[PDB]
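Participant: My questions all concern the structure below.
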Amino acid sequence: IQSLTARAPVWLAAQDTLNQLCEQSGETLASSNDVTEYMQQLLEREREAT
Amino acid sequence: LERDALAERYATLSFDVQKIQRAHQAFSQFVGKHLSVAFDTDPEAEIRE
């Protein structure tokens, strides 16, 4: 329970900032590999823009 | 004779640009498929311990 509790606020902060970062992005995120996929898409778009 | 040199030099420069572009593509592919566990501590060591 203590381990789960020490991990509880960390998890909650992760979820909070995850939702915020998801909303800052047009596409909605659902999984870790999905997050990295979106990240590489972002790098691609950045290269084209520059 | 003059234009031959320009063709050669242009060939080399275009090759270089393509190399750079593909290098960026490789890094992007990498981060797309890789960051979830990048640069983490070695498990062989800890399992041995």
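Order determines the names: the first chain of the structure tokens is A, the second B, and so forth; residues in each chain are numbered 1 upward, and ligands are numbered 1 upward as they are shown.
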Per DSSP on the backbone, filter chain A down to the residues in alpha helix (DSSP H) and report them as a VMD selection string.
Facilitator: chain A and resid 2 to 24 32 to 49
Participant: Using only C-alpha atoms, which chain B residues lie at most 12 Å away from chain A, written as a list in words?
Facilitator: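 Using only C-alpha atoms, chain B residues at most 12 Å from chain A: residues 21, 24, 25, 26, 27, 28, 29, 30, 31, 32, 33, 34, 35, 36, 37 and 38 of chain B.
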Participant: Measure the distance from atom CA of residue 28 of chain A to atom CA of residue 13 of chain A in Å and round it to one decimal.
Facilitator: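 Separation of atom CA of residue 28 of chain A and atom CA of residue 13 of chain A: 18.0 Å.
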